[PDB]
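Alright, two takes on the same chain below, each alone as structure tokens: structure 1 and structure 2.
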Structure 1
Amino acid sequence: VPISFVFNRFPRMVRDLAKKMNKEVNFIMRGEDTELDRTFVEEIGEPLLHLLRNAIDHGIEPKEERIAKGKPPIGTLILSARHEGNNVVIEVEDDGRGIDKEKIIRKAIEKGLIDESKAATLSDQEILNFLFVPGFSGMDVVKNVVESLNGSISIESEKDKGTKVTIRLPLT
């Protein structure tokens, strides 16, 4: 099917969550005509809804805070799909407050998953990959579904700039 069968549900879910959270959100959908196998279409909805929720709750800041930080007042959330070879790539991007890598390291140390000495040299991707650890605090459940579809997921984020989650699905 076109992924529009999934993506057409999201503007409703996104305004509803924005109203509940007192966030002003500019939601943009691109690539909705991108076609993929029915099994992916019937399963990819729940993971995507989780990522959109995360963007609106934890990423986009309220307008007053964005103005105070010198950002464009209304936060933007972009959900896109495209073909890459025989794969489909789906991205959820926001221009919100990002993921705080220092907080992740602190939590990791508190949980005994790494010591201070080793935290100093972790890469960005190694740090963000703690988010997929079960119970870390979720992104594990999103990963579980994606992996069940033989997909991969990655996260890029920077503090104050925003977050991009990318899901790559096979042709299957």
Structure 2
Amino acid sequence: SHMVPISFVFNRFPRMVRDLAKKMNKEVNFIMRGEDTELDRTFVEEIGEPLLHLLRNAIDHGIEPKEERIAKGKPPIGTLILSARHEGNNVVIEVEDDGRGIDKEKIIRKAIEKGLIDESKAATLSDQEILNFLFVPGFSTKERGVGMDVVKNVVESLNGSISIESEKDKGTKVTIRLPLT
């Protein structure tokens, strides 16, 4: 319990999200909540890059170009929310966007290409089983490299847990639960 506010982790994010959104020509309303939520000081340097990766994913793969969102009947401006809070005895961190959602079709194609599953087993996979493929080491693009697989490995190294939720054209929500002690 040598704690510090998660703001030490969150502070650099607004400017980075702003620049990233500009680089990929996306309109992003970035909201951070609960920056006062405290966490183990030893988590600060390990959780920073993983969270940044999730934010990048939201802006790059999630939030759609203004013209695409309109065709979908959604506001031109996309919304990306990073939040932290205390739940029970954990620090819960969420990264949520109202983007296009994870393309499960593509994940299955990747799973098959990487020999992680036979095509005959792909047809009956549940949504959660499909999304879980993102946590298999080596699944992310081969760039110290980033990727959801690395995010999960880091979260597990902190004795924590991670879950993903997503609905086509609705959005994506990643939740990380870290132990306080």
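All residue numbers here follow the sequence of structure 1, with the first residue given the number 1. What we label the rigid core is the largest C-alpha set whose atoms superpose within 1.5 Å from one form to the other.
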Practice item. Could you check whether the CA atom of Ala119 moves 2 Å or more between structure 1 and structure 2, using the rigid core for the fit? Key: yes
Exercise for review: Verify the C-alpha shift of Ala108 between structure 1 and structure 2: is it 2 Å or more after superposing the core?
Suggested key: yes
Exercise for review: Give me the C-alpha shift of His83 between structure 1 and structure 2, core superposed, in Å.
Suggested key: 0.2
